[PDB]
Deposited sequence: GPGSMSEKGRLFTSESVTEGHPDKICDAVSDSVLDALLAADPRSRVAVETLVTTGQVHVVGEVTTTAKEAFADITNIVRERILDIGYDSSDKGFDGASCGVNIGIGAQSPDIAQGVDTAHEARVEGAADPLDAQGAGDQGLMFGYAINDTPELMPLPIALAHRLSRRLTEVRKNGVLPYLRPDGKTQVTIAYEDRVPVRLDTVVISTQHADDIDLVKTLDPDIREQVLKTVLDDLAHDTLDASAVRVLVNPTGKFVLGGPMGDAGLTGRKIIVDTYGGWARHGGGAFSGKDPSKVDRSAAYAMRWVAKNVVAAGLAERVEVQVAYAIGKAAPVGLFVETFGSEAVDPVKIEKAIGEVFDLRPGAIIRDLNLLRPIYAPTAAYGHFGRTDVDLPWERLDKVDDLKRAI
């Protein structure tokens, strides 16, 4: 018997607003100048956004427009009124970004596991499915009374590595003041969010019949986002990745262009791990890549299969080194990373996404691995 809990948040959570604004600036610059170098951090607090950092780009028009990119992103998230705690059209926006016209000892991790169709650990996969659906029923008008800020927590009970029970689900969501928590919110969330996600997943062993469901356990949640709070870019890196189930090297993703190895190699490592698992080489795998200063190619590639391998782990390591080219330049080319694809990654997780198609989630190396093992 083990319990494992992971968490996700909606795009309206103040830290996630920051990640999305940072990545929205990044996408605007890449769309006009694919070689842009970008290190952009966002802060939010009551009624203000502060965007800072450094850019090297030829995309002068997009750079000029950053103030409008900020506002439009916030509006798209759904903050369009002080009654909601925040209004993208009228909040303060301050830009302190340095602008110009035109490496590491490292140990990066990737992970995949056959507990879900998307090959992610179940607690985080379910938490992200729930937070994404919470947003979906607001935006599609099914529960139009919802507001952007929200959080999901999923606790799974395991016996001998098998997920056997959905122990607890917590869903906190912002909403209009006049909504009855017990008569309206609780059954609507159970029906439109929890039940539809569980149906979608159709898990083979997860028994959800006795789940303890807590919807807004602390009561009314009328104001949200930056209101009476603060958020920063890169403060949800466990939410962005594997929900605590896998190890983390420490780099945040959002607001960084693909030349930042923190981002692109983390994406490659997910890609490698996912294809290893999808190929049938192991039921779960953590993949490690070792980099050296002055060398482009890795100096080490190590697999941990936690006893779950179907073949010698040393053979898996050799097959990876044969199939994948993990030089940064090769990664950037092969995953086609110099494109404005990043704003969608800034909430609901960078890995295992069921609603968007990301290059590092493609199972396009399964055949190659099978031929090389």
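- Gaps without C-alpha coordinates occur at 1-8, 111-136, with positions taken along the deposited sequence from 1.
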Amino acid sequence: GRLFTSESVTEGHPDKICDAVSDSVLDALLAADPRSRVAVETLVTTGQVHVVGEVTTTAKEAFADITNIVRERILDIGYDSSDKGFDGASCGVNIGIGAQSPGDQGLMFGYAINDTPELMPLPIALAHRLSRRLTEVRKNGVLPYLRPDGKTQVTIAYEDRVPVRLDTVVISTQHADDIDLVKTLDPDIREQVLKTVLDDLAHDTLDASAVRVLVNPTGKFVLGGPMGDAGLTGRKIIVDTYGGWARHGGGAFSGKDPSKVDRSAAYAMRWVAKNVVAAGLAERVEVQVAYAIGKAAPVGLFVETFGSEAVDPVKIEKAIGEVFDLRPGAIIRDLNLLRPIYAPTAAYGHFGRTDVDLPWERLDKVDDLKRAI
From here on, numbers count along this sequence of modelled residues.
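- Across the two stretches, 111-119 and 277-285, the PDB entry reports the greater mean Cα temperature factor for 277-285.
- Taking the PDB entry as given, 318-326 carries the higher mean Cα B factor of the two stretches 318-326 and 52-60.
- If you compare the C-alpha temperature factors of 28, 40, 311, 332 in the entry, 311 comes out highest.
- Residue set 260, 220, 236, 133: peak C-alpha B-factor at 220 (per PDB entry).
- Sorting the modelled residues of the chain by their CA temperature factor places residue 177 in the highest third.
- Among the modelled residues of its chain, residue 249 has a C-alpha B-factor that falls in the highest third, as given in the PDB entry.
- Residue 297 sits in the highest third of its chain by CA B factor, as recorded in the PDB entry.
- Residue 146: CA B factor lies in the middle third for its chain, per the PDB record.
- Among the modelled residues of its chain, residue 240 has a C-alpha B-factor that falls in the lowest third, as given in the PDB entry.
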